[PDB]
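Heads up: the sequence lines are chains E, H, D and A, in that order. Numbering-wise, the first sequence is residues 745 to 806, 828 to 1198 according to the deposited numbering. Numbering-wise, the second sequence is residues 745 to 806, 828 to 1198 according to the deposited numbering. Numbering-wise, the third sequence is residues 134 to 452 according to the deposited numbering. Numbering-wise, the fourth sequence is residues 134 to 194, 197 to 452 according to the deposited numbering. Inspection log for the structure reproduced underneath, given as structure tokens.
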Amino acid sequence: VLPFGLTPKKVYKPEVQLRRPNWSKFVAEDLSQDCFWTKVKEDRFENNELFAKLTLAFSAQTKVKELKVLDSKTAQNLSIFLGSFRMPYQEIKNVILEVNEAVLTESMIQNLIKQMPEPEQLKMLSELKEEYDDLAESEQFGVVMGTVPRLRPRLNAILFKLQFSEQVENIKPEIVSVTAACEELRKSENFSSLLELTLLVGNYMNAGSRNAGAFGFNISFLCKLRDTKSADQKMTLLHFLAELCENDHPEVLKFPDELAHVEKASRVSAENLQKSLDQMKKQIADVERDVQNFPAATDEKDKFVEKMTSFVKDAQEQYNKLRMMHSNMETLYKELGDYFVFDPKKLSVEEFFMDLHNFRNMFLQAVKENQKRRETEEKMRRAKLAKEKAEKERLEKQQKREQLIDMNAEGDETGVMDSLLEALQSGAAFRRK
Amino acid sequence: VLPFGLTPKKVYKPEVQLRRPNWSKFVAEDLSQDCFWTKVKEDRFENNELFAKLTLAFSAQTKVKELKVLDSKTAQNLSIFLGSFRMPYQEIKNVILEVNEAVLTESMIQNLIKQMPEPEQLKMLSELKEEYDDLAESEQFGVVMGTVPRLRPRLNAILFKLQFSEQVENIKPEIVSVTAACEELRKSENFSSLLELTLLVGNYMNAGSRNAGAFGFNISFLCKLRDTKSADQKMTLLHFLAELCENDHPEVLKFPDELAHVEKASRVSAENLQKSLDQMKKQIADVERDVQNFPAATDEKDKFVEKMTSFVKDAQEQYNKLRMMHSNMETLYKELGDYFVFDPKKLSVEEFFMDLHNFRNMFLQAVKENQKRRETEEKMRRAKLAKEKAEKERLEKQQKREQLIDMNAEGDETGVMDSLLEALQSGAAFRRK
Amino acid sequence: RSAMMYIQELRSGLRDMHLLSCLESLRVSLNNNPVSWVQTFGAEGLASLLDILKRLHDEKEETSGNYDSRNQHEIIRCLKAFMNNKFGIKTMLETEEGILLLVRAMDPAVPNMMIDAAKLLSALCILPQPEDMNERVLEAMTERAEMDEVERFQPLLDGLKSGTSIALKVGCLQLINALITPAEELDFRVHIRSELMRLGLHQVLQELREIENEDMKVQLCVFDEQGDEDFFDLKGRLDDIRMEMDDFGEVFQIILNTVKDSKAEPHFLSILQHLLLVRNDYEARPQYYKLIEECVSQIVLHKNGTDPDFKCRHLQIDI
Amino acid sequence: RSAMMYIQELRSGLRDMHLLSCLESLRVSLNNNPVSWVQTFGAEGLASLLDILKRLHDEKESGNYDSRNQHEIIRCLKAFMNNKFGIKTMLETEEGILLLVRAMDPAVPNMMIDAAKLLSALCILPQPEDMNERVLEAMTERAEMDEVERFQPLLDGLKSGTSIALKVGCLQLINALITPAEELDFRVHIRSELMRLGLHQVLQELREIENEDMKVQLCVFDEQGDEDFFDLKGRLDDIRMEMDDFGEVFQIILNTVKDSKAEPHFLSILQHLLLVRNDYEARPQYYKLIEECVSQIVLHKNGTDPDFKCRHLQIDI
């Protein structure tokens, strides 16, 4: 009760509740006689009708039925899931057995899988089929789904189907990108010529030691070219080679354009394509086993054995095209290994086409570094010529004015002025250039 | 030897030894039949005098006297030292004893301390005086320096002397900075006006919470103001406060200018100042005590005791003026600690002023951001009005032209064309507005 | 009544004088008869008129003397009487060549037909519905110019030239106005008026201000009016630029964006380079930029709403 | 010899025709004795000549006949400076060049002729450094104590009423000030100042005169302005080579214009450049004509600024 020589700050009662600064406050007696916060029993020195304006900006406004089988985990989750689905239970069943393509989506099926109670609890629900009306919403769904033969397998096959064409478009482009790059890098004789040019230049520098008269080098080393530079440290081997091409062999400058797909292949995971095709083959073999172990379609609506056999034929067809390309792709890589001499087993395809992609970009960068640097030379050579020429002309003009009068030291005679005035008159003092 | 199906690559003999790439080379029997490096026996495919342009860019071109006392290290160090210093050994001694300010440098004394043999050796060399001529270069220096009394302390004192007027100019500027910002913060009523303003806004926002009726808040929280923003995340509390000072209290916006030495204070060191002065105080009393134990000058050249008595009176005269400024500065910070109520011992000087500096910049930031947002509101209001202007006038033109042909559900009239040309040819059919 | 038979008379392929006496009585019908009569004539009889018109147009295998261009003028009078009502207007516009053939009808060589033909197009131009009417008329004139290998306004210019008649001089300037005044966007009105000046309108216009004809002064005064509007609007667009673009870096970017990859790029660079020569005198350098500015403002913000002549040289300054 | 006698005569305070008779015979002595004799008169004797002149130039009231006295001093000065000592000795006085400048009164032609003739000879000297700038510096000094244009005297000596020989001597000095100067900006700066004062309409009248000495001077003034144009043409090529990047050039223009009255105008130019109407074919031609106009304004031939009072411009092909 009562603070150190002052009155409590007015208690406010706002209309709208506001966002606030959660600061460490100072209550009454954290203050001393001569401190700043005692002087501010003002609180009026800055009063307006801004509370309206402040409130506007910082407002923070806006039994029946019992459970006989299922645990309250699943019987609650289904209550929500079925709340969003709104589809008659006797229709969902029919759409599952028919595999109605127009109604079914990848999203829809994926929810059912997740939301379904395990086969143990479906069985215990299909022994209570008669007493259908007394059951809760969640369990009513189950009693319907319990009469669907081998649900868990049936639903898995449907998913893989609706997901099949989508995952072919995950493998294919990337199989092509690595196929293209392997064939572009094999076709490029401009690339070829760079190597020949590099070898020669290298073979000469290697003088008379360890390497010298070498028949080749590893394609990997291509990025390391930039690592050899002049003694003055002004420029690199890459640069020199690039400049040698620029002047003497302009054809070589076109090799970055001949390796079109090389970037796309730098990004493709080699290990993930292997895993993908191994998974696709597995998923095929799964539906294959499911089809063989399926009961006789004991109602007119069960189209499962019919439509899935039509899918295994097709899914295997597209897969064998896919595999062909992959094994083809891998061949063309091993082909490159044998051709440019490098171990294809120690460098994965991404890894190899990354080193290549990087080099491309180093070469193109070295090419503009050669232009920019050469542009600096021609301007600076023209600027100093124009300044030599300006200075030469300037001196010539100076001397022509100095041939008038020897302000030096020679014997005093009385021409001088009468000699200057004559040159002014005739124009001899104002020599041109 | 005759290689694997092809002929050897020519041996070059270079003039200048060049810089070479160190690639993993391929020799003859590394290749295969159909590989790339066999086809490139084409070393002729590219051949110029570039071999001469390459060698250009990448060339890489350009008794007596025995020891008796010193160890192999020290004697060697002195041999390189004394073949560079070139000053006579009798002269070196004389420069030290006199403390000759025209000869001595900071650079010169420092090198003496490092290159000097240590007391034990100097003592062991001082007993070989008579055979000075038979000694080696380094040991000659040794015997001569041996006769100088208390050399280690004598040199330590000379160094600190030549170094004194430097460290004065390291402590002072930093002292002044903090002294000023402290005075700058205390004097500015515009910053004071913001805190008042912030607390008022602050107290209303805290509604009926754990805060509200606060007599203040810690000054560090100033950077935390930005953290509280509007519902629409488009404007913050700091942006509000800037704009409220921009409109209703323009005086406020002058404080970032009132706080000129705050930046320079944000970069000082609280501890290192104390360190520096405490290292100076000890160093004054080092020489003071070294001037008391010194033996009386036994030649006309020993000017130590005379000259260093002039220094200690002079150095303590300057230290005490610094010690004044420092404890005064600390007082001023203790003063700010109480005025703005914050623990001066649990928040260092640099700590405080960095927070203050950060907030200073945050505030201008908010002001710039506000003029920028507001300009985008003015150039979007007028722009939409310049569009509502044209659209109204565009419909006004249409409503004038349609007053000749009515398109909704007409009857009959063969005039029309006669009514068109009666105005077209008479000029009325070209309105003004 | 008798309209269905006029259609048969046209398609039996009447020639020379027999056709003209048919068309002359058809015109008499289409004027004096009611609205209802022309609708049952409608699209059928109209597309016949336009096919006989198209036929007579492709009889141009001889100049310096024609035998049947008297037939052509009668069709134009028929088309006028036809379009005298709201249905005919609507029906005319729906034809694929109704307007185009009215444009091929415009010939300075034979005055009277062009007066009537350019009067119909001038009426179509000032039409509310449908949308961009004057622009269709322009398209026809362009289409005509393509097949002839001539400039699209050339006949309109040839008709204005002092050798012809007073009714044609007005009739051509009327269509000039009728093409320009209904058009709403500025860059178009100017774009066309500039095409008229390049073809040499300004020379001709200063001859027509001598003539003391009233129906002529009306068209000059309207033309002059619409030309002043354009200047005023350009001056207002200058004010909007002055108030929206006030940052150097922003303005320079905009120009750069507008100029990039065109033939104006080399010139803009050269303007900036030349600006680096404005002598380094404290006092002369502003006067340099002011005069430069002053010149430019006369080039760009040019009087009467036309491009400066790009084949000539000369410029004055205020007030 | 008798040199000290003259100094004692000059410092004695002679007047009217007495002062004249003495100076007359001093001019004779100066022009006829050896160089030896001039040196003994020397700095002392020149100083008094200049003192007498400084007294005479202070004239407050038809006119003074002592223009004979003033002109006669100028004549001694020519004789005195007719040998290498006299020149170097005159260049050392604080008020020598200035007093000559003050003796350029178009209202007494023949004196101005002789005075402007000396000032011209000083201008085209190799040593010391920038002689022309000193002569110009003095013309400015005289112009401020009179509150006139520093080139008014010169222009007045060129106007149509004046003698043909005054006209030559005048334009002679003009060339003496422009020609030796090395920096392009400075030459153009001075020439543009002459035109500003009204040199252009005058030169028109001056070309029609068939006087040999005159024709020579106009040739030089033409030549010296034709040079400047070439150097400017040259300067422009240097620019066209170095400044090939849009961003860089634009930065330089801002850097030179920033914080000068020239700034608003540059924005105004650019704002207009937005206005060039949006049409595929008409736009590049606007930018060409704009470029044409800016080319004419900047690279003005004759080595002069454009007349900023001139309100009409032709912008050819």
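Note that the Cβ used here is the ideal one computed from N, Cα and C, for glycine as well.
1) Could you check what DSSP says for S1191 of chain H in three-state terms: helix, strand or coil?
2) CB-CB under 8 Å to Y421 of chain D, same chain, minus the five flanking residues each way: which ones, in chain order?
3) Taking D1183 of chain H as the reference, which of H:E1175, H:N1173, H:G1176, H:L1169 has the closest Cα?
4) So is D1055 of chain H buried or exposed if we call it buried at 16+ other beta carbons inside 10 Å?
5) So, at 7 Å on beta carbons, what are the nonlocal neighbours of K1066 of chain E in its own chain, with the 5 sequence-adjacent residues on each side left out?
6) Mind listing the chain D neighbours of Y139 of chain A? Cutoff is C-beta to C-beta under 9 Å, in chain order.
7) So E786 of chain H and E961 of chain E are supposed to be a Cβ contact under 8 Å. How far apart are they, rounded?
8) Would you mind giving the Cβ-Cβ distance between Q352 of chain A and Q307 of chain A, rounded to the nearest angstrom? I have them listed as a contact below 8 Å.
9) How far does the alpha helix (DSSP H) with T799 of chain H in it reach, from first residue to last?
10) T1001 of chain E by DSSP, collapsed to three states: which one?
11) Give, in chain order, every residue of the region 1118–1146 of chain H whose Cβ lies closer than 8 Å to some Cβ of chain D.
12) Output the boundary residues of the alpha helix (DSSP H) element that contains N164 of chain A.
13) Can you tell me the Cα-Cα spacing of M225 of chain D and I232 of chain D, whole angstroms?
14) For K1162 of chain H and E1143 of chain H, what's the separation of their Cα atoms in angstroms?
15) By the 10 Å Cβ neighbour count, where 16 or more other Cβ atoms means buried, how is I452 of chain D classified, buried or exposed?
16) Looking at the unbroken alpha helix (DSSP H) that takes in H400 of chain A, where does it start and where does it end?
17) Mind pulling the chain H residues with CB within less than 7 Å of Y1084 of chain E?
18) Taking 7 Å as the limit between beta carbons, can you name the residues of its chain near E1134 of chain E, skipping five residues before and five after?
19) Can you tell me whether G978 of chain H is helix, strand or coil according to DSSP?
20) Helix or strand or just coil, what does DSSP make of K1198 of chain E?
21) Measure the beta-carbon distance from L301 of chain A to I248 of chain A and round it to whole angstroms, keeping in mind my assumption that it falls under 8 Å.
22) If you follow the alpha helix (DSSP H) that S295 of chain A is in, where does it begin and where does it stop?
23) Please identify, using Cβ separations under 8 Å, the residues of the region 938–964 of chain E that lie next to chain H, in order along the chain.
24) Is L1042 of chain H near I874 of chain H, with beta carbons less than 8 Å apart?
25) Got a sec: is the Cβ-Cβ distance from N437 of chain D to anything in chain H below 8 Å?
26) Between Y854 of chain H and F906 of chain H, what straight-line distance do the alpha-carbon atoms span, to the nearest angstrom?
27) Applying the 10 Å Cβ sphere with the 16-neighbour rule, what's the burial state of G382 of chain A?
28) So which residues of chain E does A1148 of chain H contact, with C-beta pairs closer than 8 Å?
29) Could you have a look at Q307 of chain D and say whether DSSP puts it in helix, strand or coil?
30) Tell me which residues of the region 259–283 of chain D have at least one Cβ-Cβ distance to chain H shorter than 8 Å, keeping chain order.
31) I want to see whether chain A comes within less than 8 Å of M376 of chain D, judged by CB atoms only; does it?
32) Taking the alpha carbon of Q386 of chain D as the point to measure from, which residue in D:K368, D:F401, D:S145 has its own alpha carbon closest?
33) As a quick exercise: from A:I222, A:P244, A:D201, pick the residue whose alpha carbon is nearest that of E1178 of chain E.
34) Do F770 of chain H and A979 of chain E have their C-beta atoms within less than 8 Å of each other?
35) Looking at the unbroken alpha helix (DSSP H) that takes in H335 of chain A, where does it start and where does it end?
36) Any chance the region 967–975 of chain H sits against the region 1122–1129 of chain H, with 3 or more Cβ pairs inside 8 Å?
So, from the listed chains and residues:
1) Coil.
2) Counting only residues of its own chain and dropping the five nearest sequence neighbours on each side, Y421 of chain D has a CB closer than 8 Å to the CB of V411, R412.
3) It is H:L1169 whose Cα lies nearest to the Cα of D1183 of chain H.
4) Answer is buried; the Cβ neighbour count reaches 16.
5) Residues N859, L862, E863 of the same chain have their beta carbon placed closer than 7 Å to that of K1066 of chain E, with the five preceding and five following residues left out of the count.
6) Near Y139 of chain A there are no residues of chain D at all, since even the closest Cβ is about 48 Å away, more than 9 Å.
7) About 6 Å separates the Cβ atoms of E786 of chain H and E961 of chain E, confirming a contact at the 8 Å cut-off.
8) About 6 Å; that satisfies the 8 Å criterion.
9) Taken as a continuous stretch (DSSP letters only), the alpha helix (DSSP H) holding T799 of chain H covers 794–801.
10) Note: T1001 of chain E maps to strand in three-state DSSP.
11) So the list reads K1144, given in the order they occur along the chain.
12) Here the alpha helix (DSSP H) through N164 of chain A covers 149–165.
13) Going from the Cα of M225 of chain D to the Cα of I232 of chain D covers about 8 Å.
14) The alpha-carbon atoms of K1162 of chain H and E1143 of chain H are separated by roughly 29 Å.
15) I452 of chain D should be labelled exposed.
16) Counting along the chain, the alpha helix (DSSP H) containing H400 of chain A begins and ends at 397–410.
17) Below the 7 Å Cβ cutoff, chain H contributes no neighbours of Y1084 of chain E, its closest Cβ being approximately 33 Å away.
18) Same-chain partners within the cutoff: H1004.
19) Taken through DSSP and simplified to helix, strand or coil, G978 of chain H comes out as coil.
20) Residue state, collapsed to three classes: coil.
21) Going by Cβ atoms, the distance from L301 of chain A to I248 of chain A rounds to 6 Å, so yes, they are a contact pair.
22) Here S295 of chain A belongs to no alpha helix (DSSP H), and DSSP marks it neither H nor E.
23) Residues passing the 8 Å Cβ filter: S957, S958, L960, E961, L962, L964.
24) No, the pair does not count as a contact, with Cβ atoms beyond the cut-off.
25) Under the 8 Å criterion on CB atoms, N437 of chain D is classed as non-interfacial with respect to chain H.
26) Distance between the alpha carbons of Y854 of chain H and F906 of chain H is about 6 Å.
27) It is exposed - the Cβ of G382 of chain A has fewer than 16 other Cβ atoms within 10 Å.
28) Ordered by position in chain E, no residue passes the 8 Å Cβ test against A1148 of chain H, which lies about 24 Å from the chain.
29) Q307 of chain D falls in the helix class under three-state DSSP.
30) Listed by position along the chain: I259, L260, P261, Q262.
31) Closer than 8 Å: no.
32) It is D:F401 whose Cα lies nearest to the Cα of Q386 of chain D.
33) Among A:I222, A:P244, A:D201, the Cα nearest to that of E1178 of chain E is on A:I222.
34) Contact flag set, yes.
35) Start and end: 334–342.
36) They do not touch, by the three-pair rule.
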